[PDB]
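Notes follow the structure.
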Amino acid sequence: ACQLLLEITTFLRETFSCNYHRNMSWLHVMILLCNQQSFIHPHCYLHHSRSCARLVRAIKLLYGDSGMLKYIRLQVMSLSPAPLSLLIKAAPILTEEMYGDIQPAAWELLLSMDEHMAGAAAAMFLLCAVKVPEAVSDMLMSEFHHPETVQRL
């Protein structure tokens, strides 16, 4: 569903710029979906990514044609990074509050094994730093000077 929303948002922000394109209701939902995860389990981000990959493989097998296969091979690398990337597409519309709302999840998803999720989190965190440098600086200072070796590493 998040993927579908992503394409909707991309169409709307790539055609109305050539209001609907100034406010979007679902963004908040995306933010929650990104924060509604366990970064320490039954709902750990690793398990969610594995489930997404399994679903992708199953769907590929089902459509095992050129159209869907190519789309999944180019536009949907994995399902798990769908919400974050969505927020990337609608970055200009995001208010300064939702940047700080999404910052923790982007920070926590930076070490994901999946390359796509890592890249999406990196992009989101960089944009957050661009828009709200103070929060990013405070978080970085707290993290580097942390009393736990694991955290610093």
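Identifiers in this document derive from the order of the structure tokens: chains are assigned A, B, ..., residues are numbered from 1 separately in each chain, and ligands are numbered from 1 in order of occurrence.
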
_Need to verify the contact set: residue 5 of chain A, 12 Å, only C-alpha atoms, exclusion of same-chain residues closer than 2 positions in sequence. Can you return it as a VMD selection string?_
chain A and resid 1 to 3 7 to 12 24 to 27 29 to 30 82 to 87 89 to 90

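Considering the residues A:94, A:77, A:111, A:44 and counting only C-alpha atoms, residue 153 of chain A has its shortest atom-to-atom contact with A:111.
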
_Distance criterion (only C-alpha atoms): nearest to residue 91 of chain A out of A:76, A:127, A:110, A:62_ = A:127

*For residue 51 of chain A, which of A:124, A:18, A:88, A:79 is the closest residue, counting only C-alpha atoms?*
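Among A:124, A:18, A:88, A:79, it is A:79 that comes nearest to residue 51 of chain A.
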
*asked:* I want to know what sits within 10 Å of residue 152 of chain A, based on only C-alpha atoms, with residues of the same chain fewer than 4 positions away left out; could you give that as a PyMOL selection string?
replied: chain A and resi 140+142-148

*residue 96 of chain A: which residues within 12 Å, counting only C-alpha atoms, same-chain residues fewer than 2 positions away excluded, as number ranges by chain?*
A: 91-94, 98-103, 127-135

Just to be explicit: take each residue in the selection above, keep N, CA, C and O atoms, and write the result as a PDB file, in the first residue's frame.
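Just written: result-v9.pdb:
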```
ATOM      1  N   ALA A  91       9.467  15.818  -0.080  1.00  0.00           N
ATOM      2  CA  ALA A  91      10.282  16.534   0.899  1.00  0.00           C
ATOM      3  C   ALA A  91       9.902  18.002   1.019  1.00  0.00           C
ATOM      4  O   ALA A  91       9.759  18.489   2.154  1.00  0.00           O
ATOM      5  N   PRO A  92       9.723  18.758  -0.068  1.00  0.00           N
ATOM      6  CA  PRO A  92       9.426  20.192   0.088  1.00  0.00           C
ATOM      7  C   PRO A  92       8.173  20.467   0.898  1.00  0.00           C
ATOM      8  O   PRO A  92       8.103  21.494   1.585  1.00  0.00           O
ATOM      9  N   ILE A  93       7.176  19.584   0.837  1.00  0.00           N
ATOM     10  CA  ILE A  93       5.928  19.818   1.556  1.00  0.00           C
ATOM     11  C   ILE A  93       6.053  19.532   3.045  1.00  0.00           C
ATOM     12  O   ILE A  93       5.268  20.067   3.836  1.00  0.00           O
ATOM     13  N   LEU A  94       7.016  18.711   3.455  1.00  0.00           N
ATOM     14  CA  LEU A  94       7.123  18.344   4.861  1.00  0.00           C
ATOM     15  C   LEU A  94       7.363  19.577   5.722  1.00  0.00           C
ATOM     16  O   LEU A  94       8.206  20.420   5.404  1.00  0.00           O
ATOM     17  N   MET A  98       7.510  17.434  11.155  1.00  0.00           N
ATOM     18  CA  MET A  98       7.591  16.055  10.694  1.00  0.00           C
ATOM     19  C   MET A  98       9.017  15.650  10.349  1.00  0.00           C
ATOM     20  O   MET A  98       9.332  14.455  10.386  1.00  0.00           O
ATOM     21  N   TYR A  99       9.898  16.609  10.060  1.00  0.00           N
ATOM     22  CA  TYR A  99      11.310  16.279   9.891  1.00  0.00           C
ATOM     23  C   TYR A  99      11.890  15.721  11.184  1.00  0.00           C
ATOM     24  O   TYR A  99      12.547  14.673  11.186  1.00  0.00           O
ATOM     25  N   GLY A 100      11.646  16.408  12.302  1.00  0.00           N
ATOM     26  CA  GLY A 100      12.085  15.892  13.585  1.00  0.00           C
ATOM     27  C   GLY A 100      11.351  14.634  13.994  1.00  0.00           C
ATOM     28  O   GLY A 100      11.895  13.805  14.728  1.00  0.00           O
ATOM     29  N   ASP A 101      10.109  14.473  13.534  1.00  0.00           N
ATOM     30  CA  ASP A 101       9.392  13.228  13.795  1.00  0.00           C
ATOM     31  C   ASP A 101      10.056  12.049  13.095  1.00  0.00           C
ATOM     32  O   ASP A 101      10.174  10.963  13.673  1.00  0.00           O
ATOM     33  N   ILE A 102      10.488  12.240  11.846  1.00  0.00           N
ATOM     34  CA  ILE A 102      11.066  11.139  11.080  1.00  0.00           C
ATOM     35  C   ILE A 102      12.545  10.933  11.380  1.00  0.00           C
ATOM     36  O   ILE A 102      13.080   9.855  11.094  1.00  0.00           O
ATOM     37  N   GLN A 103      13.221  11.928  11.952  1.00  0.00           N
ATOM     38  CA  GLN A 103      14.661  11.821  12.179  1.00  0.00           C
ATOM     39  C   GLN A 103      15.066  10.565  12.943  1.00  0.00           C
ATOM     40  O   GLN A 103      16.022   9.895  12.518  1.00  0.00           O
ATOM     41  N   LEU A 127      18.536  15.201   4.349  1.00  0.00           N
ATOM     42  CA  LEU A 127      17.538  16.250   4.156  1.00  0.00           C
ATOM     43  C   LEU A 127      17.090  16.834   5.492  1.00  0.00           C
ATOM     44  O   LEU A 127      16.926  18.055   5.621  1.00  0.00           O
ATOM     45  N   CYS A 128      16.891  15.980   6.499  1.00  0.00           N
ATOM     46  CA  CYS A 128      16.531  16.474   7.825  1.00  0.00           C
ATOM     47  C   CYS A 128      17.601  17.412   8.362  1.00  0.00           C
ATOM     48  O   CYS A 128      17.292  18.476   8.908  1.00  0.00           O
ATOM     49  N   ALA A 129      18.869  17.032   8.210  1.00  0.00           N
ATOM     50  CA  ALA A 129      19.960  17.893   8.645  1.00  0.00           C
ATOM     51  C   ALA A 129      19.930  19.222   7.908  1.00  0.00           C
ATOM     52  O   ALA A 129      20.165  20.280   8.504  1.00  0.00           O
ATOM     53  N   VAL A 130      19.642  19.188   6.607  1.00  0.00           N
ATOM     54  CA  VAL A 130      19.569  20.422   5.831  1.00  0.00           C
ATOM     55  C   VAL A 130      18.473  21.326   6.381  1.00  0.00           C
ATOM     56  O   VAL A 130      18.659  22.541   6.511  1.00  0.00           O
ATOM     57  N   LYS A 131      17.314  20.751   6.710  1.00  0.00           N
ATOM     58  CA  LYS A 131      16.177  21.573   7.112  1.00  0.00           C
ATOM     59  C   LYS A 131      16.214  21.931   8.594  1.00  0.00           C
ATOM     60  O   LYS A 131      15.868  23.057   8.965  1.00  0.00           O
ATOM     61  N   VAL A 132      16.622  21.002   9.454  1.00  0.00           N
ATOM     62  CA  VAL A 132      16.664  21.255  10.894  1.00  0.00           C
ATOM     63  C   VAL A 132      18.042  20.876  11.430  1.00  0.00           C
ATOM     64  O   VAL A 132      18.191  19.845  12.100  1.00  0.00           O
ATOM     65  N   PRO A 133      19.076  21.676  11.162  1.00  0.00           N
ATOM     66  CA  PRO A 133      20.428  21.292  11.599  1.00  0.00           C
ATOM     67  C   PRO A 133      20.575  21.158  13.104  1.00  0.00           C
ATOM     68  O   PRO A 133      21.413  20.372  13.564  1.00  0.00           O
ATOM     69  N   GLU A 134      19.792  21.900  13.889  1.00  0.00           N
ATOM     70  CA  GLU A 134      20.005  21.922  15.333  1.00  0.00           C
ATOM     71  C   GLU A 134      19.739  20.554  15.951  1.00  0.00           C
ATOM     72  O   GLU A 134      20.533  20.059  16.760  1.00  0.00           O
ATOM     73  N   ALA A 135      18.618  19.930  15.584  1.00  0.00           N
ATOM     74  CA  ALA A 135      18.283  18.628  16.151  1.00  0.00           C
ATOM     75  C   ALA A 135      19.305  17.574  15.750  1.00  0.00           C
ATOM     76  O   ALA A 135      19.712  16.747  16.573  1.00  0.00           O
TER      77      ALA A 135
END
```

*Give me every helix (DSSP H, G or I) residue in segment 4-78 of chain A, going by DSSP on the backbone, as a PyMOL selection string.*
chain A and resi 4-15+27-35+45-62+66-74

*Fewer than 5 positions away in the same chain doesn't count, so skip those; otherwise give me all residues within 10 Å of residue 104 of chain A, counting only C-alpha atoms, as a PyMOL selection string.*
chain A and resi 34-35+99+109+125+136+139

*asked:* Show me, as a list in words, the residues that have an atom within 7 Å of residue 117 of chain A when counting only C-alpha atoms, minus same-chain residues fewer than 4 positions from it.
replied: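 My list of contacting residues is residues 81, 112 and 121 of chain A.
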
Those residues you just picked out, can you put them in a file as an mmCIF file, in the first residue's frame with C-alpha atoms?
```
data_model
loop_
_atom_site.group_PDB
_atom_site.id
_atom_site.type_symbol
_atom_site.label_atom_id
_atom_site.label_comp_id
_atom_site.auth_asym_id
_atom_site.auth_seq_id
_atom_site.Cartn_x
_atom_site.Cartn_y
_atom_site.Cartn_z
ATOM 1 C CA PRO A 81 12.001 1.080 1.939
ATOM 2 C CA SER A 112 20.262 -1.931 7.753
ATOM 3 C CA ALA A 121 17.625 6.445 5.393
#
```

*Could you please determine the separation between atom CA of residue 31 of chain A and atom CA of residue 97 of chain A in Å, to one decimal place?*
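Spanning atom CA of residue 31 of chain A to atom CA of residue 97 of chain A is a straight-line distance of 11.2 Å.
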
*For atom CA of residue 58 of chain A and atom CA of residue 119 of chain A, the interatomic separation in Å (one decimal)*: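 Interatomic distance, atom CA of residue 58 of chain A to atom CA of residue 119 of chain A: 24.5 Å.
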
*asked:* For a quick check of understanding, using only C-alpha atoms, which of A:75, A:69, A:61, A:95 has the smallest distance to residue 22 of chain A?
replied: A:95

*Could you work out how far atom CA of residue 126 of chain A lies from atom CA of residue 43 of chain A, giving the answer in Å with one decimal?*
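We find that atom CA of residue 43 of chain A and atom CA of residue 126 of chain A lie 26.3 Å from each other.
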
*Option closest in space to residue 33 of chain A, from A:105, A:52, A:4, A:72 [counting only C-alpha atoms]*: A:105
